[PDB]
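Peer 1:
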Amino acid sequence: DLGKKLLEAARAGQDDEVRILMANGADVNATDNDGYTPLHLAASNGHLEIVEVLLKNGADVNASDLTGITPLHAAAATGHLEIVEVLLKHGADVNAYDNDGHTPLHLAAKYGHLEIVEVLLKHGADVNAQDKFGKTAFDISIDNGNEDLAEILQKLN
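Here the deposited numbering is used: the sequence shown runs in plain steps of one and ends on residue 169.
In structure tokens, the structure reads:
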């Protein structure tokens, strides 16, 4: 019961409720049937303070959902730069691959998030990572018409 409530409070950005639920014993690593954890939903919905308190209560920074997406994938795809930085600071795996073979760098490129691409690169993103169709972040940029990103990535190896 409490796990499902915690997931919702994290998604919704209800800071007091998140803290009350954890204190009542809600599993910070509870998962729904898509494999979403409170950390996934706080990251995707841009709730940085909630991301931080979840991490302090033992949330698994590298938990994978049913599609293989981790909290860092979620923050990167959704353009949340500050959350990306917090997750990296807590050891999020910069080169985690989802079920399609996409790393956080691939998803940042797909959704056009230049700052996040820069930060992932600085934190050691494998620029040569290939997805299930052999595509790099550079290829994804070209496919999605993100020419400024393509410019940045084209000469990297």
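Backbone N, C-alpha and C define an ideal beta-carbon position, used for all residues, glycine too.
Curious, which full-length alpha helix (DSSP H) runs of at least 4 residues does the region 25-54 contain?
Peer 2: The qualifying runs are 27-35.
Peer 1: I'd like to check one pair, residue 40 with residue 66: are the Cβ atoms closer than 8 Å?
Peer 2: Working through the sequence shown from its first residue, we reach residue 66 at position 54. Working through the sequence shown from its first residue, we reach residue 40 at position 28. Going by C-beta atoms, residue 66 is nearer than 8 Å to residue 40.
Peer 1: Is residue 150 buried or exposed, if buried means 16 or more other CB atoms sit within 10 Å of its CB?
Peer 2: Counting from one through the sequence shown, the residue named residue 150 turns up at place 138. Residue 150 comes out buried.
Peer 1: So residue 147 is in the alpha helix (DSSP H); what residue range does that whole segment cover?
Peer 2: Mapped onto the sequence shown, residue 147 falls at position 135. Per DSSP, residue 147 belongs to no alpha helix (DSSP H) and is neither H nor E.
Peer 1: What residue range is occupied by the uninterrupted alpha helix (DSSP H) comprising residue 139?
Peer 2: As a working mapping, residue 139 is identified with position 127 in the sequence shown. That residue, residue 139, is in no alpha helix (DSSP H); it is neither H nor E in DSSP.
Peer 1: Please report the distance separating the alpha-carbon of residue 120 from that of residue 90.
Peer 2: Counting from one through the sequence shown, the residue named residue 120 turns up at place 108. Counting from one through the sequence shown, the residue named residue 90 turns up at place 78. Between residue 120 and residue 90, the C-alpha separation is close to 8 Å.
Peer 1: Could you give the distance in angstroms between the alpha-carbon of residue 134 and the alpha-carbon of residue 161?
Peer 2: Sequence index remark: in the sequence shown, residue 134 carries index 122 (1-based). Sequence index remark: in the sequence shown, residue 161 carries index 149 (1-based). Distance between the alpha carbons of residue 134 and residue 161: 15 Å.
Peer 1: Taking all protein chains shown into account, decide if residue 77 is buried (16 or more other Cβ within 10 angstroms of its Cβ) or exposed.
Peer 2: On the sequence shown, position 65 is the one that residue 77 refers to. Under this definition residue 77 is a buried residue.
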